[PDB]
Amino acid sequence: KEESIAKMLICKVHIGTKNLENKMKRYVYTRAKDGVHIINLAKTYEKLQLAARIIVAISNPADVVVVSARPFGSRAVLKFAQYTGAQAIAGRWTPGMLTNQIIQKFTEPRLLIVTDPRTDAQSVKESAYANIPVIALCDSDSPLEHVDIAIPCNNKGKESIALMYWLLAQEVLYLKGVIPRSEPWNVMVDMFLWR
Amino acid sequence: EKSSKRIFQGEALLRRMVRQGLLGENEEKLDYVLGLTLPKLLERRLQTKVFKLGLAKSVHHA
Amino acid sequence: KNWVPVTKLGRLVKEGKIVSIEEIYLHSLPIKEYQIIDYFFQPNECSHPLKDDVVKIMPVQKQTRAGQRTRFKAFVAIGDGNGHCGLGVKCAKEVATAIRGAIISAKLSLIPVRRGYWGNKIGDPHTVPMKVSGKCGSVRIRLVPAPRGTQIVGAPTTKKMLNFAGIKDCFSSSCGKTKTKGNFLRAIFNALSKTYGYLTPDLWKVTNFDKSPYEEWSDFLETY
Amino acid sequence: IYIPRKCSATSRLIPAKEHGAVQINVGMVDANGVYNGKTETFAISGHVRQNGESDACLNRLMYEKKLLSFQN
Amino acid sequence: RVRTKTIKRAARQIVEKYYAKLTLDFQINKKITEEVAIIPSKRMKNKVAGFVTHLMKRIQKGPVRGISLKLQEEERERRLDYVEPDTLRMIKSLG
Amino acid sequence: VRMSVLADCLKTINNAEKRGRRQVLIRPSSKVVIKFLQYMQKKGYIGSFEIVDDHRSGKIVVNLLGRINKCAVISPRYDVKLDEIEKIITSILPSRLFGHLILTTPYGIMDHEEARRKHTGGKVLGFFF
RNA sequence: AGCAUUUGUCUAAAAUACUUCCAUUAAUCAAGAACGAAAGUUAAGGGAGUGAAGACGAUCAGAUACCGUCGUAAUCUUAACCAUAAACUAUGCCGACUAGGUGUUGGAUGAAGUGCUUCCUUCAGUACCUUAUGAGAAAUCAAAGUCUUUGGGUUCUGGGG
RNA sequence: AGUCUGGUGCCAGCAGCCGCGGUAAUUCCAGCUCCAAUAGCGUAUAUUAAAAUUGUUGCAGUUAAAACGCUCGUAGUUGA
């Protein structure tokens, strides 16, 4: 109830850094004197729930593609993919994955899930020419072009990415028939990172 | 619409199209005059009529 | 003949789950499969099969230390004559190959035009529904609506393209240097393209839009 | 003949060969917070996405539909 | 010197399906490679055997790019399995 | 000097609609500009607008409906006789079934069809699509 | 155009601020006028260095040139004149509207470093970087955009070599 | 609408323009066939369209031609 919000608070999600982003200032709470930007997070939890509503409204999880070019978030997306059968892309992205019909590596998805718009920018840009909506875990210095749902998150830290994917996973599992919402989910929790 | 010169001249033109037979029974407004075509005018030639009636065996014979 | 669509959306058209090109146009879906066009514009069952025409073939040249390295660019114009035009462009180092490539490009290019009445309801959309202008390089070309029995005019190329679109009556105009033919063709195609993109009073009406083919046939798409 | 899609955000028309605009399906909830059968659909232009304004627009649209509480 | 793409590709195929047959020794690797792959020249076979042996040396010292061993995959899957004041101030500021 | 108040306002409205913001705050205000917005609202282009008081000159906040293709002015307001109107609309309008050419005639600012119905020329004022 | 030693004197200037005054005085402007680098002219100084002209030594096929050494007129000031320069933001000037960020110079507003100093917000200047389903022939241009979807105001200029 | 048949051979010559002609000429001189318009068709000169290439509608002036060196300013034009 509060506990999900509180865990999000305890993880370093609220730390925006250098430059607000003009557009994102409605999700920033205040500029800190220390040179870091505070993120609202209350709106983020509800927005994350909306992202879950859009994901559940995709009738098959395999047509939902996850992407990360961040080493530690590669492990996180892979964990996300294990729990709900979204296909993950890690390491070097290939532009033809959405644009080149005859390529070996091809994906014809309905949705894209992005770990950071600054790192995973090429895929996001290509996705707009291939008309895919793009939901995005976004940070203060990361661009907001061609994403439909923006979920504010400190994308720099391992814990923050893990927390978002863990919360997201629970919400989709709850929306799905897997587990009652009242019941807590506990299937190998907090095991989402590596060196 | 309803402009006095235009409706008079328009009724007069359509009446003339009726006199010529260039417009027949099923066509009766200024947009059918725009609908008129070069074959329709050519069909009005006497040689076409003579050939059609079968007084002669061909357009040239007509 | 023999067929195989690599894309899932292609397979749906091949089966006939998607009935016509209008639905894929509605959901604005990109096409890299010529077989989709081939299925929709088949010689029978279709009311108006496409007619192609190689509008302009030009040699263009790389030039080296040694030989010429002469390539062939090819422009082809395709139309149903009733609502769907296509302008297709390919450069290749052999003519027949260039001609084939341009035809495939034309199918990919294939776009629906809108037409209207010059005034009162005659039941036949016959002329452009408004003044539309298309630009490429120097040349900006404007199609402007004309009354009935007031046939299309222009350059040969313009005349063919409008005929391919099924535009019966038009006034045409042009601004710039008309000589550059590929740019001229492209500019006509750009102007022509705008006809079914232009917002109009008839479209003030708030109206529901259908769910995606990717959800209507989701099970069938999972299946094969 | 047919009627092309119009953007939910900007109330303006989306071309056939635009190839960037998207339809966002939003799942309705059950009272216990489970996925309902029915789903609300919205059309988002490639242009609004190109601007980067889609999240803001979505918020106003969700606010109108009563699917987000904070408006902005 | 170096080793060409054909040699490297053949070496990459090897290990992937055949690490459980591989060993440190080059002469035994020459036998294994001949047994496993129907390579048409001695020169080519010796080069593939050599590079596969070189990959063997690289292996155990560390993971190597462009190949996969199912025992390592299994091992990796197995292997992975209010607040204090300075933390507090942002939360308090939120309320 | 301030030049043509109507023109800059309409360009601003045009820019607002082109951009897709769909509301704008007009810094000038005048009786004719208000009437022109009322005429656009009359022809279904504009929703509600609020003119807010300031003693020097009010300001206007207009709600735009996602519906203007263009709005523009004929500058200066050239005189035009009744039968010359037919050529003017033919020149300007994108369609013969849509787009509106506005004049000021002795009975106020109104479109070309209204003026024709009247039978009066005027000064031609502006237009929108 | 152009303007860099020190201090003084005589002067102008813009922004900021203003619950100060006026009440449309304006904008751009044929005609006309002012100012207008460097060189040139004319006269007085002054005339060091530099140094059009000019003189030699070379260099070199020759070299009257680049290069070396010398060196008048000029460069400097006063007093008159002269009125052109790639006198180039090769972008007439005023007007509005458009998109962000990094800076930066001059003020005002708030807060915290130690009245002063810093930082925050905001103005008038001023550059850069990225973005232009904006423009353009592209280069590029936040103006060269908002211009066949062509009329914010106005001056000047061009019509193949 | 002809890589048609012979002759000339950077000559003779033709051809609004591009060009053709230095030996196998698809342009010259013949012959043949074909094509366009037709009791009319060539040729010159002048003129309109062509030319949104003089631009009220409706031009252009960073780099292609073209912003007065600069500012003030009377007539001028424009006027919250």
# chains A, B, ... in the order shown; residues from 1 in each chain; ligands from 1

call {"tool": "select_by_dssp", "arguments": {"residues": "segment 27-84 of chain C", "states": "strand (DSSP E or B)", "output": "VMD selection string"}}
result
chain C and resid 51 to 61 70 to 79 84

call {"tool": "residues_around", "arguments": {"residues": "residue 123 of chain F", "least_positions_apart": "4", "cutoff": "10 Å", "atoms": "only C-alpha atoms (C1' of nucleotides)", "output": "list in words"}}
result
residues 74, 76, 77, 78, 79, 80, 81, 102, 103, 104, 105, 106 and 109 of chain F

call {"tool": "closest_atom_pairs", "arguments": {"of": "chain E", "to": "chain A", "cutoff": "9 Å", "atoms": "only C-alpha atoms", "output": "JSON lines"}}
result
{"residue": "E:80", "atom": "CA", "partner": "A:191", "partner_atom": "CA", "distance": 7.1}
{"residue": "E:81", "atom": "CA", "partner": "A:191", "partner_atom": "CA", "distance": 6.4}
{"residue": "E:82", "atom": "CA", "partner": "A:6", "partner_atom": "CA", "distance": 8.8}
{"residue": "E:83", "atom": "CA", "partner": "A:10", "partner_atom": "CA", "distance": 8.0}
{"residue": "E:87", "atom": "CA", "partner": "A:10", "partner_atom": "CA", "distance": 7.7}
{"residue": "E:88", "atom": "CA", "partner": "A:10", "partner_atom": "CA", "distance": 9.0}
{"residue": "E:90", "atom": "CA", "partner": "A:38", "partner_atom": "CA", "distance": 7.4}
{"residue": "E:91", "atom": "CA", "partner": "A:9", "partner_atom": "CA", "distance": 7.1}
{"residue": "E:94", "atom": "CA", "partner": "A:40", "partner_atom": "CA", "distance": 7.5}

call {"tool": "atom_distance", "arguments": {"atom1": "atom CA of residue 2 of chain A", "atom2": "atom CA of residue 32 of chain D"}}
result
17.4 Å

call {"tool": "interface_residues", "arguments": {"of": "chain F", "to": "chain H", "cutoff": "10 Å", "atoms": "only C-alpha atoms (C1' of nucleotides)", "output": "ChimeraX atom specification"}}
result
/F:1-5,28,56-57,88,91

call {"tool": "residues_around", "arguments": {"residues": "residue 53 of chain G", "least_positions_apart": "5", "cutoff": "10 Å", "atoms": "only C-alpha atoms (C1' of nucleotides)", "output": "PDB file with C-alpha atoms (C1' of nucleotides), in the first residue's frame"}}
result
ATOM      1  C1'   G G  71      67.279  54.474 -48.954  1.00  0.00           C
ATOM      2  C1'   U G  72      64.618  59.463 -50.437  1.00  0.00           C
ATOM      3  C1'   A G  73      58.466  60.724 -50.808  1.00  0.00           C
TER       4        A G  73
END

call {"tool": "interface_residues", "arguments": {"of": "chain A", "to": "chain G", "cutoff": "12 Å", "atoms": "only C-alpha atoms (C1' of nucleotides)", "output": "mmCIF file with C-alpha atoms, in the first residue's frame"}}
result
data_model
loop_
_atom_site.group_PDB
_atom_site.id
_atom_site.type_symbol
_atom_site.label_atom_id
_atom_site.label_comp_id
_atom_site.auth_asym_id
_atom_site.auth_seq_id
_atom_site.Cartn_x
_atom_site.Cartn_y
_atom_site.Cartn_z
ATOM 1 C CA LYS A 18 22.431 17.946 -13.965
ATOM 2 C CA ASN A 19 19.884 19.773 -16.197
ATOM 3 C CA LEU A 20 16.153 19.325 -15.407
ATOM 4 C CA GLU A 21 14.773 18.777 -18.899
ATOM 5 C CA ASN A 22 12.204 21.502 -19.626
ATOM 6 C CA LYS A 23 9.435 18.996 -20.495
ATOM 7 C CA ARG A 31 15.841 21.478 -7.648
ATOM 8 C CA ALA A 32 18.061 20.555 -4.654
ATOM 9 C CA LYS A 33 20.798 23.039 -3.583
ATOM 10 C CA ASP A 34 23.309 20.128 -3.769
ATOM 11 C CA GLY A 35 22.879 20.099 -7.612
ATOM 12 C CA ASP A 141 19.315 14.216 -18.783
ATOM 13 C CA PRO A 143 15.584 12.824 -24.212
ATOM 14 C CA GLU A 145 11.325 12.422 -28.103
#

call {"tool": "residues_around", "arguments": {"residues": "residue 14 of chain B", "least_positions_apart": "6", "cutoff": "12 Å", "atoms": "only C-alpha atoms (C1' of nucleotides)", "output": "JSON, numbers by chain"}}
result
{"B": [6, 7, 8, 20, 21, 22, 23, 24, 25, 27, 28, 29, 30, 31, 32, 33, 34, 36]}

call {"tool": "atom_distance", "arguments": {"atom1": "atom CA of residue 67 of chain D", "atom2": "atom CA of residue 25 of chain D"}}
result
12.5 Å

call {"tool": "select_by_dssp", "arguments": {"residues": "segment 9-152 of chain C", "states": "alpha helix (DSSP H)", "output": "PyMOL selection string"}}
result
chain C and resi 9-15+21-26+34-40+95-109

call {"tool": "residues_around", "arguments": {"residues": "segment 22-39 of chain E", "least_positions_apart": "5", "cutoff": "10 Å", "atoms": "only C-alpha atoms (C1' of nucleotides)", "output": "VMD selection string"}}
result
chain E and resid 10 to 11 13 to 15 44 to 57

call {"tool": "write_last_selection", "arguments": {"atoms": "N, CA, C and O atoms", "output": "PDB file, in the first residue's frame"}}
result
ATOM      1  N   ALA E  10      35.201 -22.105 -37.845  1.00  0.00           N
ATOM      2  CA  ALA E  10      35.303 -23.517 -37.555  1.00  0.00           C
ATOM      3  C   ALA E  10      35.646 -23.763 -36.091  1.00  0.00           C
ATOM      4  O   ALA E  10      35.036 -24.594 -35.422  1.00  0.00           O
ATOM      5  N   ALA E  11      36.584 -22.973 -35.543  1.00  0.00           N
ATOM      6  CA  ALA E  11      36.951 -23.010 -34.151  1.00  0.00           C
ATOM      7  C   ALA E  11      35.806 -22.649 -33.201  1.00  0.00           C
ATOM      8  O   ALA E  11      35.628 -23.288 -32.170  1.00  0.00           O
ATOM      9  N   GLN E  13      32.391 -22.944 -33.967  1.00  0.00           N
ATOM     10  CA  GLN E  13      31.565 -24.150 -34.013  1.00  0.00           C
ATOM     11  C   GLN E  13      32.017 -25.282 -33.084  1.00  0.00           C
ATOM     12  O   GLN E  13      31.249 -25.877 -32.321  1.00  0.00           O
ATOM     13  N   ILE E  14      33.319 -25.604 -33.129  1.00  0.00           N
ATOM     14  CA  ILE E  14      34.004 -26.426 -32.151  1.00  0.00           C
ATOM     15  C   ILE E  14      33.940 -25.733 -30.781  1.00  0.00           C
ATOM     16  O   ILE E  14      33.620 -24.552 -30.687  1.00  0.00           O
ATOM     17  N   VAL E  15      34.100 -26.473 -29.657  1.00  0.00           N
ATOM     18  CA  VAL E  15      33.881 -25.978 -28.293  1.00  0.00           C
ATOM     19  C   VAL E  15      32.388 -25.936 -27.998  1.00  0.00           C
ATOM     20  O   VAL E  15      31.897 -26.567 -27.064  1.00  0.00           O
ATOM     21  N   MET E  44      45.101 -26.572 -43.148  1.00  0.00           N
ATOM     22  CA  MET E  44      43.868 -26.021 -42.620  1.00  0.00           C
ATOM     23  C   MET E  44      43.501 -26.674 -41.300  1.00  0.00           C
ATOM     24  O   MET E  44      43.167 -26.013 -40.318  1.00  0.00           O
ATOM     25  N   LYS E  45      43.614 -28.005 -41.230  1.00  0.00           N
ATOM     26  CA  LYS E  45      43.290 -28.781 -40.061  1.00  0.00           C
ATOM     27  C   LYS E  45      44.197 -28.427 -38.897  1.00  0.00           C
ATOM     28  O   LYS E  45      43.731 -28.175 -37.786  1.00  0.00           O
ATOM     29  N   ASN E  46      45.514 -28.340 -39.137  1.00  0.00           N
ATOM     30  CA  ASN E  46      46.487 -27.887 -38.171  1.00  0.00           C
ATOM     31  C   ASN E  46      46.221 -26.477 -37.656  1.00  0.00           C
ATOM     32  O   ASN E  46      46.230 -26.246 -36.449  1.00  0.00           O
ATOM     33  N   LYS E  47      45.919 -25.503 -38.541  1.00  0.00           N
ATOM     34  CA  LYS E  47      45.504 -24.178 -38.116  1.00  0.00           C
ATOM     35  C   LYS E  47      44.249 -24.162 -37.252  1.00  0.00           C
ATOM     36  O   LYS E  47      44.225 -23.514 -36.206  1.00  0.00           O
ATOM     37  N   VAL E  48      43.176 -24.887 -37.641  1.00  0.00           N
ATOM     38  CA  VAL E  48      41.976 -24.982 -36.820  1.00  0.00           C
ATOM     39  C   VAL E  48      42.251 -25.630 -35.474  1.00  0.00           C
ATOM     40  O   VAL E  48      41.845 -25.119 -34.431  1.00  0.00           O
ATOM     41  N   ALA E  49      43.048 -26.712 -35.449  1.00  0.00           N
ATOM     42  CA  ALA E  49      43.470 -27.378 -34.240  1.00  0.00           C
ATOM     43  C   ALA E  49      44.246 -26.459 -33.315  1.00  0.00           C
ATOM     44  O   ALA E  49      43.990 -26.384 -32.114  1.00  0.00           O
ATOM     45  N   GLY E  50      45.200 -25.706 -33.878  1.00  0.00           N
ATOM     46  CA  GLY E  50      45.964 -24.688 -33.195  1.00  0.00           C
ATOM     47  C   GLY E  50      45.142 -23.612 -32.554  1.00  0.00           C
ATOM     48  O   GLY E  50      45.245 -23.360 -31.357  1.00  0.00           O
ATOM     49  N   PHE E  51      44.266 -22.946 -33.319  1.00  0.00           N
ATOM     50  CA  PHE E  51      43.381 -21.947 -32.766  1.00  0.00           C
ATOM     51  C   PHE E  51      42.379 -22.491 -31.751  1.00  0.00           C
ATOM     52  O   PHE E  51      42.114 -21.862 -30.731  1.00  0.00           O
ATOM     53  N   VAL E  52      41.854 -23.717 -31.945  1.00  0.00           N
ATOM     54  CA  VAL E  52      40.994 -24.363 -30.964  1.00  0.00           C
ATOM     55  C   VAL E  52      41.748 -24.627 -29.676  1.00  0.00           C
ATOM     56  O   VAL E  52      41.259 -24.380 -28.577  1.00  0.00           O
ATOM     57  N   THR E  53      43.003 -25.085 -29.778  1.00  0.00           N
ATOM     58  CA  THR E  53      43.911 -25.205 -28.648  1.00  0.00           C
ATOM     59  C   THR E  53      44.174 -23.872 -27.973  1.00  0.00           C
ATOM     60  O   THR E  53      44.144 -23.750 -26.751  1.00  0.00           O
ATOM     61  N   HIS E  54      44.388 -22.799 -28.754  1.00  0.00           N
ATOM     62  CA  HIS E  54      44.521 -21.456 -28.228  1.00  0.00           C
ATOM     63  C   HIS E  54      43.284 -20.964 -27.498  1.00  0.00           C
ATOM     64  O   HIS E  54      43.374 -20.416 -26.402  1.00  0.00           O
ATOM     65  N   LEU E  55      42.080 -21.234 -28.036  1.00  0.00           N
ATOM     66  CA  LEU E  55      40.842 -20.994 -27.328  1.00  0.00           C
ATOM     67  C   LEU E  55      40.724 -21.793 -26.041  1.00  0.00           C
ATOM     68  O   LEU E  55      40.294 -21.269 -25.020  1.00  0.00           O
ATOM     69  N   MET E  56      41.167 -23.062 -26.028  1.00  0.00           N
ATOM     70  CA  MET E  56      41.243 -23.885 -24.839  1.00  0.00           C
ATOM     71  C   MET E  56      42.085 -23.255 -23.743  1.00  0.00           C
ATOM     72  O   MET E  56      41.669 -23.185 -22.589  1.00  0.00           O
ATOM     73  N   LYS E  57      43.283 -22.743 -24.089  1.00  0.00           N
ATOM     74  CA  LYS E  57      44.098 -21.988 -23.159  1.00  0.00           C
ATOM     75  C   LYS E  57      43.426 -20.727 -22.615  1.00  0.00           C
ATOM     76  O   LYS E  57      43.462 -20.454 -21.417  1.00  0.00           O
TER      77      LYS E  57
END

call {"tool": "residues_around", "arguments": {"residues": "segment 36-52 of chain D", "least_positions_apart": "6", "cutoff": "6 Å", "atoms": "only C-alpha atoms (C1' of nucleotides)", "output": "count of residues only"}}
result
16

call {"tool": "interface_residues", "arguments": {"of": "chain F", "to": "chain G", "cutoff": "10 Å", "atoms": "only C-alpha atoms (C1' of nucleotides)", "output": "MDAnalysis selection string"}}
result
chainID F and resid 1:16 18:19 69:77 94 129

call {"tool": "atom_distance", "arguments": {"atom1": "atom CA of residue 34 of chain F", "atom2": "atom CA of residue 131 of chain C"}}
result
29.7 Å

call {"tool": "residues_around", "arguments": {"residues": "segment 124-138 of chain A", "least_positions_apart": "2", "cutoff": "7 Å", "atoms": "only C-alpha atoms (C1' of nucleotides)", "output": "list in words"}}
result
residues 95, 98, 99, 110, 111, 112, 113, 114, 115, 116, 117, 120, 121, 122, 142, 146, 147, 148, 149, 150, 151, 152, 153 and 155 of chain A; 19, 20, 21, 22 and 46 of chain D

call {"tool": "write_last_selection", "arguments": {"atoms": "N, CA and C atoms", "output": "compact mmCIF listing (two decimals), in the first residue's frame"}}
result
# COMPACT_ATOMS: atom_id res chain seq x y z
N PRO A 95 19.71 -1.51 -36.04
CA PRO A 95 18.60 -0.68 -36.52
C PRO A 95 17.56 -1.41 -37.34
N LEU A 98 13.59 -3.48 -36.46
CA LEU A 98 12.25 -3.04 -36.75
C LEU A 98 12.06 -2.58 -38.19
N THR A 99 13.13 -2.23 -38.93
CA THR A 99 12.97 -1.63 -40.26
C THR A 99 13.28 -2.55 -41.41
N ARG A 110 4.35 -5.24 -31.10
CA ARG A 110 3.29 -4.28 -30.94
C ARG A 110 3.69 -3.20 -29.94
N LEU A 111 4.73 -3.46 -29.13
CA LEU A 111 5.13 -2.55 -28.08
C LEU A 111 6.62 -2.65 -27.82
N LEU A 112 7.23 -1.56 -27.33
CA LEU A 112 8.62 -1.49 -26.96
C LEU A 112 8.68 -0.98 -25.53
N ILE A 113 9.52 -1.59 -24.70
CA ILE A 113 9.81 -1.18 -23.34
C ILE A 113 11.27 -0.79 -23.26
N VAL A 114 11.56 0.45 -22.83
CA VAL A 114 12.90 1.01 -22.88
C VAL A 114 13.39 1.28 -21.47
N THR A 115 14.69 1.01 -21.25
CA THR A 115 15.32 1.11 -19.94
C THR A 115 15.90 2.49 -19.72
N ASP A 116 16.51 3.09 -20.76
CA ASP A 116 16.89 4.48 -20.71
C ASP A 116 16.87 5.10 -22.12
N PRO A 117 16.15 6.19 -22.38
CA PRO A 117 16.19 6.87 -23.66
C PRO A 117 17.54 7.40 -24.07
N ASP A 120 19.45 3.97 -24.99
CA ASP A 120 18.76 3.08 -25.90
C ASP A 120 18.10 3.90 -27.03
N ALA A 121 18.63 5.12 -27.28
CA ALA A 121 18.13 6.13 -28.19
C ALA A 121 17.90 5.70 -29.64
N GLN A 122 18.77 4.83 -30.19
CA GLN A 122 18.71 4.41 -31.57
C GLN A 122 17.43 3.62 -31.83
N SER A 142 17.92 12.55 -20.00
CA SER A 142 17.56 11.67 -21.09
C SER A 142 16.47 12.28 -21.98
N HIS A 146 9.78 10.75 -28.99
CA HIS A 146 9.26 9.46 -29.41
C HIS A 146 9.01 8.40 -28.34
N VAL A 147 8.60 8.82 -27.14
CA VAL A 147 8.11 7.91 -26.11
C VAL A 147 6.71 8.35 -25.75
N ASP A 148 5.78 7.40 -25.54
CA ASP A 148 4.41 7.76 -25.21
C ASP A 148 4.22 7.83 -23.70
N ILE A 149 4.50 6.74 -22.97
CA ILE A 149 4.56 6.78 -21.52
C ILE A 149 5.98 7.04 -21.06
N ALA A 150 6.19 8.12 -20.30
CA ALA A 150 7.42 8.34 -19.60
C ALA A 150 7.22 8.01 -18.12
N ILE A 151 8.09 7.15 -17.57
CA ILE A 151 8.13 6.79 -16.17
C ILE A 151 9.38 7.40 -15.57
N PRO A 152 9.33 8.46 -14.77
CA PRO A 152 10.54 9.03 -14.21
C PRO A 152 11.30 8.09 -13.29
N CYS A 153 12.61 7.94 -13.52
CA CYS A 153 13.45 7.08 -12.73
C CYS A 153 14.89 7.56 -12.84
N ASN A 155 18.13 6.46 -13.78
CA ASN A 155 18.46 5.30 -14.59
C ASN A 155 19.90 4.87 -14.39
N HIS D 19 3.10 6.54 -41.41
CA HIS D 19 3.95 5.48 -40.86
C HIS D 19 4.74 5.82 -39.60
N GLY D 20 4.09 6.45 -38.60
CA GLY D 20 4.71 6.74 -37.32
C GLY D 20 3.71 6.84 -36.20
N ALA D 21 2.49 7.27 -36.49
CA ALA D 21 1.35 7.27 -35.60
C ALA D 21 0.90 5.90 -35.12
N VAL D 22 0.36 5.86 -33.90
CA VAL D 22 0.17 4.65 -33.13
C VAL D 22 -1.17 4.70 -32.42
N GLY D 46 2.64 10.50 -34.90
CA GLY D 46 4.10 10.53 -35.00
C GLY D 46 4.66 11.91 -34.83

call {"tool": "decode", "arguments": {"residues": "segment 43-58 of chain D", "atoms": "N, CA and C atoms", "output": "PDB file, in the first residue's frame"}}
result
ATOM      1  N   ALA D  43      -5.521   7.431 -30.299  1.00  0.00           N
ATOM      2  CA  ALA D  43      -4.660   7.531 -31.458  1.00  0.00           C
ATOM      3  C   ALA D  43      -3.662   8.669 -31.295  1.00  0.00           C
ATOM      4  N   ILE D  44      -2.357   8.354 -31.335  1.00  0.00           N
ATOM      5  CA  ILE D  44      -1.283   9.306 -31.099  1.00  0.00           C
ATOM      6  C   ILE D  44      -0.441   9.478 -32.349  1.00  0.00           C
ATOM      7  N   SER D  45      -0.405  10.704 -32.908  1.00  0.00           N
ATOM      8  CA  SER D  45       0.424  11.041 -34.059  1.00  0.00           C
ATOM      9  C   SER D  45       1.922  10.906 -33.835  1.00  0.00           C
ATOM     10  N   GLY D  46       2.644  10.502 -34.899  1.00  0.00           N
ATOM     11  CA  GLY D  46       4.095  10.529 -35.004  1.00  0.00           C
ATOM     12  C   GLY D  46       4.657  11.910 -34.827  1.00  0.00           C
ATOM     13  N   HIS D  47       3.927  12.936 -35.285  1.00  0.00           N
ATOM     14  CA  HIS D  47       4.287  14.330 -35.112  1.00  0.00           C
ATOM     15  C   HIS D  47       4.358  14.760 -33.652  1.00  0.00           C
ATOM     16  N   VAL D  48       3.375  14.388 -32.814  1.00  0.00           N
ATOM     17  CA  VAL D  48       3.371  14.726 -31.390  1.00  0.00           C
ATOM     18  C   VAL D  48       4.528  14.067 -30.647  1.00  0.00           C
ATOM     19  N   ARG D  49       4.855  12.835 -31.066  1.00  0.00           N
ATOM     20  CA  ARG D  49       5.988  12.046 -30.636  1.00  0.00           C
ATOM     21  C   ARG D  49       7.329  12.653 -31.034  1.00  0.00           C
ATOM     22  N   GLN D  50       7.427  13.160 -32.270  1.00  0.00           N
ATOM     23  CA  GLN D  50       8.542  13.899 -32.831  1.00  0.00           C
ATOM     24  C   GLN D  50       8.824  15.188 -32.076  1.00  0.00           C
ATOM     25  N   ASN D  51       7.766  15.952 -31.740  1.00  0.00           N
ATOM     26  CA  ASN D  51       7.822  17.056 -30.798  1.00  0.00           C
ATOM     27  C   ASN D  51       8.284  16.620 -29.410  1.00  0.00           C
ATOM     28  N   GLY D  52       7.811  15.447 -28.941  1.00  0.00           N
ATOM     29  CA  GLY D  52       8.149  14.878 -27.638  1.00  0.00           C
ATOM     30  C   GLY D  52       7.087  15.153 -26.614  1.00  0.00           C
ATOM     31  N   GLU D  53       5.909  15.597 -27.079  1.00  0.00           N
ATOM     32  CA  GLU D  53       4.855  16.112 -26.233  1.00  0.00           C
ATOM     33  C   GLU D  53       3.848  15.049 -25.876  1.00  0.00           C
ATOM     34  N   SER D  54       4.068  13.802 -26.330  1.00  0.00           N
ATOM     35  CA  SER D  54       3.082  12.738 -26.242  1.00  0.00           C
ATOM     36  C   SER D  54       2.714  12.390 -24.821  1.00  0.00           C
ATOM     37  N   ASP D  55       3.692  12.306 -23.905  1.00  0.00           N
ATOM     38  CA  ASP D  55       3.419  12.068 -22.507  1.00  0.00           C
ATOM     39  C   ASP D  55       2.498  13.119 -21.873  1.00  0.00           C
ATOM     40  N   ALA D  56       2.769  14.422 -22.092  1.00  0.00           N
ATOM     41  CA  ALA D  56       1.910  15.509 -21.655  1.00  0.00           C
ATOM     42  C   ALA D  56       0.484  15.431 -22.187  1.00  0.00           C
ATOM     43  N   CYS D  57       0.349  15.176 -23.494  1.00  0.00           N
ATOM     44  CA  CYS D  57      -0.912  14.995 -24.183  1.00  0.00           C
ATOM     45  C   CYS D  57      -1.721  13.826 -23.656  1.00  0.00           C
ATOM     46  N   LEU D  58      -1.044  12.690 -23.424  1.00  0.00           N
ATOM     47  CA  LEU D  58      -1.580  11.475 -22.858  1.00  0.00           C
ATOM     48  C   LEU D  58      -2.169  11.738 -21.497  1.00  0.00           C
TER      49      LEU D  58
END
